[PDB]
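Structure first, commentary second.
Throughout, residue positions are numbered sequentially from 1 according to the sequence presented.
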Amino acid sequence: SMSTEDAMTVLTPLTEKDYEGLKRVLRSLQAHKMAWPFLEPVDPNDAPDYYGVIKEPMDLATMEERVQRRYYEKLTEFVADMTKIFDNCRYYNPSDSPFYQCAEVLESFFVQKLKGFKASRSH
Ligand SMILES: Cc1c(Nc2ccc(S(=O)(=O)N3CCN(C)CC3)cc2F)nc2ccc(-c3cnn(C4CC4)c3)cn2c1=O
C-alpha cells in the first residue's frame with residue numbers, strides 16, 4: 001500500500017537487500033537512451049559558470065560511487081540526490097534545450113522505477 005511505502009521511504013533504514021534494489025534502479029537509468037547528459041559530471045568547459053550557478057551538482061557516476069560506498073541510510077536521501085540531477089538540469093538550461101528534455105524523460109522513468117522499488121520493498 002501507499003501508506004506502507006511512504007512510511008518505509010522516510011523511516012526504514014536501507015538494508016543490503018535494499019541496496020541490490022538501488023543498484024538495479026541506478027543501472028536501469030544508466031542504460032536509458034535519454035541518460036546521455038547525466039552519466040558523468042557536467043563539463044565546466046561546455047557549460048559557462050555551471051559550478052557558480054548550480055550549488056549542489058550531481059550525476060549518475062557520483063550516485064554510483066555513493067551506492068557502492070553505502071552512503072545512503074534512508075531512501076529519501078537517495079531520491080533527494082537523484083532529484084538534484086533533474087532539478088539542476090532544468091534550472092541551468094532553457095525549457096527548449098535537449099538537456100532539459102532528457103531531464104523530463106529520465107525523471108519520469110526514475111519515478112516509475114522508484115515506485116516499483118518501493119512496492120518490492122513493502123511486500
Ligand atoms: C547536464 C548537462 C550536460 N551534461 C553532459 C555531461 C557529459 C557529456 S559528454 O558527452 O560526456 N561530453 C560532451 C563534450 N564535452 C567536451 C565533454 C563531455 C554531455 C553532457 F551533455 N552538459 C551540458 C553542456 C552544456 C550546457 C550548456 C551550455 N550553455 N548552456 C546554456 C544555459 C546557458 C547550457 C549544459 N549541459 C548540461 O546541463
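Placement of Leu22 and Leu39 within a single hydrophobic cluster is found when ILVMFWY residues are connected by side-chain heavy-atom separations under 4.5 Å, directly or transitively. Under the 4.5 Å side-chain heavy-atom criterion for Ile, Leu, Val, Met, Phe, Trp and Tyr, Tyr72 and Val79 are members of the same hydrophobic cluster. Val105 and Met82 fall into different hydrophobic clusters, where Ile, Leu, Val, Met, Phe, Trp and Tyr are joined by side-chain heavy atoms under 4.5 Å apart, directly or via other members. Cluster membership check: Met58 does not share its hydrophobic cluster with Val53, using side-chain heavy-atom separations under 4.5 Å among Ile, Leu, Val, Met, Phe, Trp and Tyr. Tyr51 and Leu60 fall into different hydrophobic clusters, where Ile, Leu, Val, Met, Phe, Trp and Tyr side chains are chained together by heavy-atom contacts under 4.5 Å.
Counting only residues at least two apart or in different chains, ring pair (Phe, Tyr, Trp, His ring centres under 6.0 Å) contacts with residues 17-50 comprise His32-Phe109, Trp36-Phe99, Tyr50-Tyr92.
In terms of modelled atom types and a separation under 3.5 Å, the side chain of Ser28 and the main chain of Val25 share a donor-acceptor contact. One N or O on the side chain of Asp59 and one on the backbone of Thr62 form a donor-acceptor pair closer than 3.5 Å. Here the side chain of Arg66 pairs no donor or acceptor atom with the backbone of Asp81 at under 3.5 angstrom.
Counting only heavy atoms from C-beta outward, the side chains of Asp18 and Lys74 never approach each other to under 4.5 Å. For the pair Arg121 and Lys17, the minimum side-chain heavy-atom distance is 4.5 Å or more. Inter-residue side-chain proximity for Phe78 and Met63 is flagged as met; some heavy-atom pair is nearer than 4.5 Å.
From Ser120, atom OG reaches atom CZ of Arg24 across 7.0 Å, with rounding to the nearest 0.5 Å. Taking SG from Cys102 and NZ from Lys33, the interatomic distance works out to 10.5 Å, rounded to the nearest 0.5 Å. Note that the NZ atom of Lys118 and the OG1 atom of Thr4 stand 12.5 Å from one another [nearest 0.5 Å]. Note that the NZ atom of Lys113 and the CZ atom of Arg27 stand 10.5 Å from one another [nearest 0.5 Å]. Taken from OG1 in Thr12 to CD in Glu5, the straight-line distance is 11.5 Å, to the nearest 0.5 Å.
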(request) Check the pair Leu75, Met8 against side chain to side chain contact (heavy atoms under 4.5 Å, CB included), reporting the backbone distance first and the verdict last. (result) CA-CA 8 Å; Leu75 180 55; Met8 292 185 75; over 6 Å; no

(message) Please determine whether salt bridge (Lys or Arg N to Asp or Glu O under 4.0 Å) holds for the pair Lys23 and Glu20, giving the CA-CA distance in whole Å, both sets of side-chain angles, and the decisive distance to 0.1 Å.
(response) CA-CA 5 Å; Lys23 297 189 315 185; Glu20 289 308 309; 2.6 Å; yes

(request) In sequence, state the C-alpha distance, the side-chain angles, and the governing distance for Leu29 and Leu106, and then conclude on side chain to side chain contact (heavy atoms under 4.5 Å, CB included). (result) CA-CA 7 Å; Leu29 264 69; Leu106 197 58; 4.1 Å; yes

(message) Evaluate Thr83 against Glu107 for side chain to side chain contact (heavy atoms under 4.5 Å, CB included), listing each step before the verdict.
(response) CA-CA 8 Å; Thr83 299; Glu107 184 166 40; 4.2 Å; yes

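Classification of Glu16 and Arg70 as a salt-bridged pair holds, one side-chain N sitting under 4.0 Å from a carboxylate O.
Between the side chains of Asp6 and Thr9, no donor-acceptor pair of N or O atoms lies under 3.5 Å.
The neighbour count for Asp49 CG, taken as heavy atoms of other residues, nucleotides or ligands under 6.0 Å away, does not exceed 12.
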